[PDB]
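1. requesting a structural model of the entry that follows:
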Amino acid sequence: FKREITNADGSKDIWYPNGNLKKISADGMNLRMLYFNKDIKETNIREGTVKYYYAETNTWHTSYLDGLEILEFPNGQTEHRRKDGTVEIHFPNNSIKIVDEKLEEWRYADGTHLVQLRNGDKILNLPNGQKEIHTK
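-> Numbering: from 1, shown residues only. Now the structure:
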């Protein structure tokens, strides 16, 4: 039932009875499970990454050894997530940073720097050299 085939190079093709196909490189540093449900799972040993692909939401999920976790959406929005709670989100073409003073923090393509604090105040640094402070 569970069919595992080892090719001449050393690579492996394994067929599961459920419908899932799994592939292993000749050096065994790259593993790929083709779940049916149309999901894809990729493991890169040399890069220490594990990628989960959801075909139901078209979302890629990459996890790193240091704790870095990246989510990729079809809209173009990318979300970085460190273990220390710090979160970065990438829009076209903006970027919001979150650390747990500053509630949020935004950097734009203009070079514009927006800082939002917990009190509600806002600091806006414009690329033309202007500084902008918003108060209650």
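2. count of neighbours near residue 8?
-> If you count neighbours by other C-beta atoms under 10 Å, residue 8 ends up with 6. To be clear about C-beta, it is placed using only N, CA and C from the backbone, and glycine gets the same treatment.
3. and it, what does it touch?
-> Residue 8 sits next to no residue when contact means C-beta atoms under 8 Å, 6 or more residues apart in numbering.
4. what are the phi and psi values for it?
-> Main-chain dihedrals, residue 8, degrees, to the nearest 10: phi -70, psi -30.
5. and the residue nearest to residue 3 when sequence neighbours are not counted, what is it in contact with?
-> The spatial neighbour of residue 3 that comes closest, neighbours along the chain excluded (C-beta to C-beta, 6 or more residues apart in numbering), is residue 15 at 4.3 Å. Going by C-beta under 8 Å, 6+ apart, residue 15 touches 2-5, 21.
6. name the residues of stretch 43-57 that come out as buried.
-> Of all the residues in stretch 43-57, those buried under the rule 16 or more other C-beta atoms under 10 Å are 50-53.
7. can you give me the end-to-end span of it?
-> Chord length of stretch 43-57, first to last residue, is 20 Å (C-alpha to C-alpha, to the nearest Å).
8. what sits up against it?
-> Stretch 43-57 is contacted from outside by 28-32, 37-42, 59-65, using C-beta under 8 Å, 6+ apart.
9. could you flag which of these are buried?
-> Listed as buried from the contacts of stretch 43-57 are 30-31, 41-42, 60-62; burial here means 16+ other C-beta under 10 Å.
10. tabulate those (TSV), appending distance to residue 97 and secondary structure.
-> Formatted as TSV, these follow (distance: C-beta to C-beta, whole Å; DSSP: H, G, I helix; E, B strand; the rest coil):
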residue	distance to residue 97	secondary structure
30	33	strand
31	33	strand
41	30	strand
42	28	strand
60	21	strand
61	21	strand
62	19	strand
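11. TSV for the residues you listed, including distance to residue 69?
-> Listed next are the buried ones among the contacts of stretch 43-57 as TSV, based on distance: C-beta to C-beta, whole Å:
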residue	distance to residue 69
30	20
31	19
41	15
42	15
60	11
61	7
62	7
